[PDB]
Structure formats: structure tokens, C-alpha cells
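Scroll down for the structure; my scribbles are underneath it.
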Amino acid sequence: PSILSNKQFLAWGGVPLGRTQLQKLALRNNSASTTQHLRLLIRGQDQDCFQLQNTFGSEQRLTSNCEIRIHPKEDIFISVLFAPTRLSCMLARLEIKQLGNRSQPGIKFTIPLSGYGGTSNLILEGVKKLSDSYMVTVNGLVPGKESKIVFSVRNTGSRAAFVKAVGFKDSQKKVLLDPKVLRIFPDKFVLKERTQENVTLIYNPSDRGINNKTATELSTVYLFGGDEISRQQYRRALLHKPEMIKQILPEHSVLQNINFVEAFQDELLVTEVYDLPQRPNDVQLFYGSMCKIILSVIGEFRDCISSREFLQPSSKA
């Protein structure tokens, strides 16, 4: 073994159209004696969207030269820019020609490159935007009576999104909502590119409670979102290898108990998933690319906020 790599492939997943994402790999000259002369080339059907950036190493500064001297036991660090310019799954090759010295013949190494142009982009409408979360208030609650409010999830991206909504009574202690008190409908759905879908919070505040029946309540809804193609890649990865979810996530993660495999509302029969090659890190890319939207839900009761007159307390300097 002459040349080693810390990565057998580079998989980018989704990058928005007109945007760019850098990824690196390290090549090591395994020889303790001999220097190799490497020629780095991008080839393949989507070579126009994978661009070699300047190379550096453990014994050399930044160079724009595609020809690299790699000294014995030197690591060189190769940078590839993924710059997609069309709504497609993309394949290319990093070709590493180890130039022959007659005594040793010419060996060509291949690192497959993959990614897709265009991504989902999820925002909420009909709710307040705070700095790092959204907020909605359900006013005029009455214990033992059903209240409904409607907000919207908008996908401003160029690809369909999955949306999985999970609600928490207490988010730190990870006590799920009783759906008979507060539930989200739909709680799992596919949202087409440049479309907006309505989501309903169905609020049935308990009249069983002893004391704080009309006390102002706070709940936390998490909307886990990402590219539908990413969820299809994830599905495909879990068929070939039964159990990968536990290994990857933290043991105490909320995502531990969330099903992304089962049928979502308005899921399509056709995606570009089969244009993407299966990779060992598809499950990692799925959870890695996933967004978490925070929606705080305040329940205000008529008797406590609406019916009580807000007056100035006892004031002194």
C-alpha cells in the first residue's frame, strides 16, 4: 500500500442552487523512504460542479498546482468545492494518478464524489419569530373545552421537505404532550417545494385538575424537517442494514423514539433517490442535514388573562 486516505468517498448531500460547500480528505504517503508525484483531477458526468481548491500538506504550503510532491509519511490535505447549478443528483471522481518511476508502474486511485443541487427551506407563518425560535399564543382557553389555532409551514426551497412534529409538556425532562390535551395535525407530512401547508394545534385543556386549571401554560413543539430525498436515502440505508439509528444518535436524544421510516402524509411515489449512490454515512447525512424548528405554545385562559383586569401593583422608590 503506497497511498492511504482517511476517506474512501466524499458525500455532500444537499447544497442549495447557487451556493457552495467545501469538503476535505487527507492522503498519506505510507512509504518511509520514497517520494510520490501525484496528479489530482476531477472527472465524471457532474465534474463542472466539483472544483479542486488549493492543496497543502504536513511538509508544504498552499499550492494551486494539480501536480503534488508527497514526501515519505507526509499527509496532503485536498479541498473539493461542491457548487451545484442544476436541480439534480450529481456524480464525479477525484482521480489521483501516482506517476510511474519505471521501477514502480503508474497507479490511479479513485475517490467517488456525490451530492445533489437544491434543498428544502422550512419557515413558519402565522406565528411570532423570536431570535432562535417561533412563538404562538392560544387565547380564551376554557377547562374541558376544545380550542384550535392554525399556523403554516412554508417550504421556500427547490426540493420537497419531510416535516415531523413532536410536542413536549416539559422539553428538558422529555415528557411528551398527552395528544388528548394538546396535539398537532398533521404531525408527519411531505411539503412540496415553494408550497405552504396549514398545521392545526388542537387544545383540550383538562378540567380534572385541582388548583391551576386556568393558570397560563407553556408547551414546546419541535418540527424536525429536511429534504424528502434525504429521508428516502435514509429509508433505503435502513433496509440494507436493519439497525443504525441507536449507534449514531445520543442515547438520551429526543430523535431516539421518532419514526422517520413510516409513511408521511402526501409522500410521493417518485424521487431522485435512485440517481444518488448508497453510502456508509447516509444515516449520518440524514440526521446531519435535518433542521429542528422550535415552536413555543402558550395556553392563556379567559378567566385568568381576559377576565382579570391588569392593574399596577403597590409601588415604591
Side-chain angles (χ1 to χ4, degrees), residues 7 9-25 42-53 79-94 111-125 129 134 152-165 186 188-199 223-238 255 260-261 263-293:
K7 292 162 188 179
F9 66 94
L10 293 181
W12 272 263
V15 171
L17 300 171
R19 261 93 154 210
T20 73
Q21 186 186 315
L22 207 64
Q23 209 166 326
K24 286 195 173 76
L25 66 78
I42 308 289
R43 297 288 98 105
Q45 52 202 100
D46 296 288
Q47 71 185 81
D48 66 312
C49 291
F50 298 89
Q51 292 142 33
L52 261 176
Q53 309 302 108
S79 300
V80 180
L81 191 67
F82 180 46
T85 59
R86 51 187 174 266
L87 194 69
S88 70
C89 302
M90 302 201 184
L91 308 179
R93 277 172 277 118
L94 175 61
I111 310 296
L113 311 173
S114 66
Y116 59 89
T119 275
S120 62
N121 184 68
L122 299 170
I123 62 175
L124 300 193
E125 309 290 345
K129 180 54 179 172
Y134 297 94
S152 309
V153 183
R154 180 181 289 181
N155 182 5
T156 63
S158 56
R159 283 192 186 271
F162 68 85
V163 180
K164 178 58 188 169
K188 61 195 188 299
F189 61 97
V190 173
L191 185 56
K192 286 307 288 162
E193 63 280 2
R194 297 188 294 281
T195 70
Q196 174 161 310
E197 181 160 359
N198 292 344
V199 178
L223 297 95
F224 294 103
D227 303 342
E228 178 57 4
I229 188 170
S230 180
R231 196 173 71 96
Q232 296 304 322
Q233 192 80 333
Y234 167 78
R235 268 186 180 167
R236 184 163 73 171
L238 280 183
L255 290 164
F260 290 100
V261 173
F264 278 34
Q265 189 186 283
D266 305 320
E267 78 172 9
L268 270 178
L269 261 165
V270 173
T271 180
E272 292 188 337
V273 67
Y274 295 109
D275 299 323
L276 272 177
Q278 178 160 0
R279 290 290 184 250
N281 70 329
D282 277 345
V283 170
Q284 188 172 358
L285 277 175
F286 171 70
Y287 285 112
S289 299
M290 178 179 296
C291 72
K292 182 177 66 169
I293 296 163

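Residue indices begin at 1 and follow the sequence shown.
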*Are the side chain of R231 and the backbone of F260 linked by a donor-acceptor contact shorter than 3.5 Å?*
yes
**Message:** Measuring only between side-chain heavy atoms, which start at C-beta, is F82 closer than 4.5 Å to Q23?
**Reply:** no
Taking every heavy atom of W12 against every heavy atom of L22, the minimum-distance pair comes out as NE1-C, 4.0 Å
Check: Taking side chain as C-beta onward, heavy atoms only, is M290 less than 4.5 Å from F162?
Finding: yes
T20 and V15 have their tightest heavy-atom pair at N-CG1, 4.1 Å
Minimal heavy-atom distance between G118 and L87, with the atoms involved, is CA-CD1, 3.9 Å
Donor-acceptor contact present, side-chain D275 to main-chain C89, <3.5 Å
no
>> Do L10 and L25 make a side-chain contact, defined as non-hydrogen atoms from C-beta onward lying under 4.5 Å apart?
In response: yes
Here the gap from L223 atom CG to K164 atom NZ, rounded to the nearest 0.5 Å, amounts to 10.5 Å
For this session: Decide whether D227 and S120 meet the rule of one side-chain donor and one side-chain acceptor closer than 3.5 Å.
Result: yes
In this structure, CD of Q47 is separated from CG of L113 (nearest 0.5 Å) by 11.0 Å
Requested in this report: Using a strict 4.0 Å threshold on nitrogen-to-oxygen distance, state whether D266 and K192 make a salt bridge.
Outcome: no
- Could you go step by step and tell me if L52 and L94 meet the side chain to side chain contact (heavy atoms under 4.5 Å, CB included) rule? CA-CA 9 Å; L52 261 176; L94 175 61; 4.2 Å; yes
Given the rule in the side chain to side chain contact (heavy atoms under 4.5 Å, CB included) test, do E272 and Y116 qualify, once you have shown the distances and angles that lead to the verdict?
CA-CA 9 Å; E272 292 188 337; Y116 59 89; 5.8 Å; no
In short, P277 meets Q233 closest at the heavy-atom pair O-NE2, 3.2 Å
- Apply the test side chain to side chain contact (heavy atoms under 4.5 Å, CB included) to residues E267 and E228: give CA-CA distance (whole Å), side-chain angles for both, the deciding distance (0.1 Å), then the verdict. CA-CA 8 Å; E267 78 172 9; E228 178 57 4; 4.2 Å; yes
One should read off an interatomic distance between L124 CG and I293 CD1, to the nearest 0.5 angstrom, of 5.0 Å
Q) Taking atom CZ of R236 as the centre, does the number of heavy atoms from other residues, nucleotides or ligands within less than 6.0 Å exceed 12? A) yes
**Message:** Are the side chains of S158 and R194 in contact, using a 4.5 Å heavy-atom criterion?
**Reply:** yes
To the nearest 0.5 Å, atom CD1 of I123 lies from atom SG of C291 at 11.5 Å
One should read off an interatomic distance between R93 CZ and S114 OG, to the nearest 0.5 angstrom, of 13.5 Å
| request: Apply side chain to side chain contact (heavy atoms under 4.5 Å, CB included) to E197 and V163, showing your working. | output: CA-CA 11 Å; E197 181 160 359; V163 180; over 6 Å; no
- Task: Taking atom NZ of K129 as the centre, report whether more than 12 heavy atoms of other residues, nucleotides or ligands fall under 6.0 Å from it.
- Result: yes
Scanning both residues in full, the closest heavy-atom pair of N198 with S152 reads OD1-OG, 2.9 Å
The reported gap from CZ in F224 to NZ in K188 (rounded to nearest 0.5 angstrom) is 15.5 Å
- Indicate yes or no: at least one non-hydrogen side-chain atom of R159 is less than 4.5 angstrom from one of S230. no
message: Taking the six-membered ring for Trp, are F189 and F264 closer than 6.0 Å centroid to centroid?
response: no
Q.
A side-chain contact here means heavy atoms from C-beta on lying under 4.5 Å apart; do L91 and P112 qualify?
A. no
On a heavy-atom basis, the closest approach of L122 and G225 is CD1-CA, 3.6 Å
Open item on the list: Has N281 got a side-chain atom pairing as donor or acceptor with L285's backbone, closer than 3.5 angstrom?
Closed with: no
Taking the six-membered ring for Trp and the single ring otherwise, decide whether the centroids of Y234 and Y287 are under 6.0 Å apart. yes
